[PDB]
Structure formats: structure tokens, C-alpha cells
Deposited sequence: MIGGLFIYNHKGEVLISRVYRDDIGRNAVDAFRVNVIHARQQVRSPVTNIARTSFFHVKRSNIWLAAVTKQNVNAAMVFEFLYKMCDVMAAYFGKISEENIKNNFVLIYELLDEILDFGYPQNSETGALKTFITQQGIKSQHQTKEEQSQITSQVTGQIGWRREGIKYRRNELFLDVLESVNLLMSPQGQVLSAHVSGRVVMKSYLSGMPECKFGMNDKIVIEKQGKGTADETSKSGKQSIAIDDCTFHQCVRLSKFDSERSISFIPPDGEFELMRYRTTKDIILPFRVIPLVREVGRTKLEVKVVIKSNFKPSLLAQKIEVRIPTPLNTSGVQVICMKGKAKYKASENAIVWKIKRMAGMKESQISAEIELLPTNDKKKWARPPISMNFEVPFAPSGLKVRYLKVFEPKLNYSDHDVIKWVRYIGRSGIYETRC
């Protein structure tokens, strides 16, 4: 029935597992790590099928619980079980966290061989269970917004502003990447409204570190709530390094014909939904110091060689998602300095994109003023997403 239970940590490392049926190898785990734990532009749902294998999952804190089969299983069953496994578990060791999982490997194994024989949600209520489980869980335990602000029109604007950084090899290995962001909030709201803010999972709460800082007004306990400053302010700052959506791939083909010519063809691919427009695209393809000149050709946008820059600069006004484009140049080299290989500087890009390369998505902003007369249904609400290139580099 259920073919496998896998408890994974936030890194997508399988902490603990049990395969109940032999049609579910290494293949299942990496499938679920790749397409769910490290989903990128994938539409989340609790169930997903990949390579004929279905995948159920609950998120608990920093833990993922995941059920798996290759069969026409009882959908509602699987989930209810996973809720009661999380009842039971918490009745031995409290929260469901790596730590607590880590301490209770032997308990957890024990519950599993009881709570779930061969794949069938067998008997498993807390007190009913004592009789068969010998082990014990190991436990472990204003001043920024003056008063009387009135506006005819209660408005709020959110701007998710992100900078995406990349260094990538010629073969397309992300060598390093990180995003830097912030949510700027600009609000004209009467009173002293408490706001309730919700987003997706993507932020947990020269070597870039994952971090997330909030404005003093923010309280944590799920979600974020605050009484905002009036006008414009920064709600949260963050840096992230996992699961970044690299809007462009740059595929370089640099071919040194001898020591005299140099063939450089470069292709960029827009890796986001087709219905979205990236703008202000530049590609900056460098050239070596001893270059007579350059014959460049391209059939999207415009390109020019610039000598003092030692670089070709190719510009494209718009490029929608899931397209390809290509520049080709033929470069000409007078080889004085006899010796010393040209050390290639990377190809860099500029761009602008109307989503967050981190994946961040704003899900709600609820406003509630207690004293005054207005209601969140009244508040006019604009969101915007500006995603921007930072140092976005590909070796060639």
C-alpha cells in the first residue's frame, strides 16, 4: 500500500526511513528531494507523481515527512496517517524537529514497525500503543507610529526587490549563487492597524550566508505580524543561497583558432514562464587586449564591440520565457606577447525580471484596525516583484 516512509531534514537529507515494498529504490528519494524539497518554479501540491511514482508529504517545522507508492492508493488514508504519526511522535518527544528526530531514532523505528505494517495504517493511538512499544521519547524544552493618522483612502504597496548572483562554469555547474532581498512596504493606513503577513516557505527565519532580518516592528510566531510605520519602510532584509531560479543560462563557445583568430559564439536561454518579460538585458562578452577588430552578428537585439572596455556588449530590450538567442562574433588577434595564455574573464549579464529569483511569494497581508471604522476588504493593495541581476557570471 504505502511503499515508503522518509523523514528528511531541511537540506533534504533522509534522516530516517523504511521501505515497505521493493519497487522504490534510490530513485524515489532523489526524485522527491529534487522535485519537491528543492522545487523551483513548480506549482506545489501535497501530492505529485514523477516517473510513475506518487509522493505524499507533510511539512512539520524544519522536517519533511513523505509517503511513497507506485500504486492506486487510498489518497485520504495516507494523509490522515501522517497526521497521527505526528500526533504520536509529539506524545513521546514534543515538537517534530531534526533535533527530536535525531534523539529518537530507536523509538521512531519502533513506532513505524507498529503504526504501519507493510504499508497499512495499523492501530496507533497514543495510549493504545504502550503495550507494544518499549522505548521512551527523550524530551527537551510603539515609538515608530504616532497616533491619529487618517487617510480618505487606505492603501498599501509591497515591493519584493531581489538581486540574484551567479558564478557558473562553461558546462553549466552553479559554482556559487545567492540572492539578496528585501520587502519594501509603503502604506497609507488610518489608525494603528495590526497587519498580518504571510508568504511561502522560501526564507527560513564573500561566502554568502542564509539570513533574514526584520524591522523592529515585527513580532514572530506560520507568520509575521506588526503595526507598520506610516509611509515607506523596509519590513524584512534577507539573503538566500538554496533553490534559486537562475533566470538565464549563458552557454559560451569560445574556440581559439590557433593564436591569431578566436571564434566566440554565445547563446542565452530564458529559463522562466513564457508569459513573463525579462528586460534591460545586456550580455557582456570580454575580449583579449591584442585584438585588431571584431565581426559580430546577432538576430535579436543589437551588439557592439567596445575597445577601451575590452568587451562586446549585446543588448536586448525584452525576452520572454522559454526562448533562446544567439550572438556570434569572429575576433582577430595580433600576437605580440609571445607566451602567457589569455586568462579568460567571465561573461556577465544584466537583467530585470518581474518575479523573485529566490522564489519568495507574498500570500497575504491582512489589516485590522480595532478602534477605527475600516476593514481589510477596504484596503487597496498592490504587490510588485522586481528581480535584478547582481554579479551574474559565467566562465568561458
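- Residues 142-158, 223-239, 256-260 of the deposited sequence have no C-alpha coordinates in the structure.
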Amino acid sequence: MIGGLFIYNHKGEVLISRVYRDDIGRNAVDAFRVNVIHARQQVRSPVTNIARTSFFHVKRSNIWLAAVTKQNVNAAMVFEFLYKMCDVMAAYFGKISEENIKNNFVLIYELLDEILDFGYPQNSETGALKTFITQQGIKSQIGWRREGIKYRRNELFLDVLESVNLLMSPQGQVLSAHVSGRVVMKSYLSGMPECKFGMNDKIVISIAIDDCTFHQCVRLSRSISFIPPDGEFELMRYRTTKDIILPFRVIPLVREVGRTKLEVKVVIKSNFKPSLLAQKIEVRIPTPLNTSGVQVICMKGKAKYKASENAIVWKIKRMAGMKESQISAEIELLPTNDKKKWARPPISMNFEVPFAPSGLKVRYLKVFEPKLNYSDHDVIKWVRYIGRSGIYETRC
From here on, numbers count along this sequence of modelled residues.
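- Where the other entries of this protein model the residues before and after it, residue 254 is kept in all of them rather than dropped from a third.
- Among other deposited entries of this protein with both flanking residues present, none omit coordinates for residue 289; it is modelled throughout, well short of a third.
- On average the C-alpha atoms of 272-280 have higher B-factors than those of the other stretch, with 170-178 and 272-280 being the two compared.
- As recorded in the PDB entry, 304-312 is the stretch of 304-312 and 181-189 with the greater mean C-alpha temperature factor.
- Taking the deposited Cα B-factors for 217, 164, 257, 156, the highest one is held by 257.
- Highest C-alpha temperature factor among 381, 384, 18, 388, as the PDB entry reports it: 18.
- Residue 342 sits in the highest third of its chain by CA B factor, as recorded in the PDB entry.
- In the PDB entry, a CA B factor belonging to the middle third of its chain's modelled residues is recorded for residue 67.
- When the modelled residues of the chain are ordered by their C-alpha B factor, residue 248 lands in the lowest third.
- Ranked by C-alpha B-factor against the other modelled residues of its chain, residue 210 falls in the lowest third.
- Among all modelled residues in this chain, the alpha-carbon of residue 353 has a temperature factor (C-alpha) in the lowest third.
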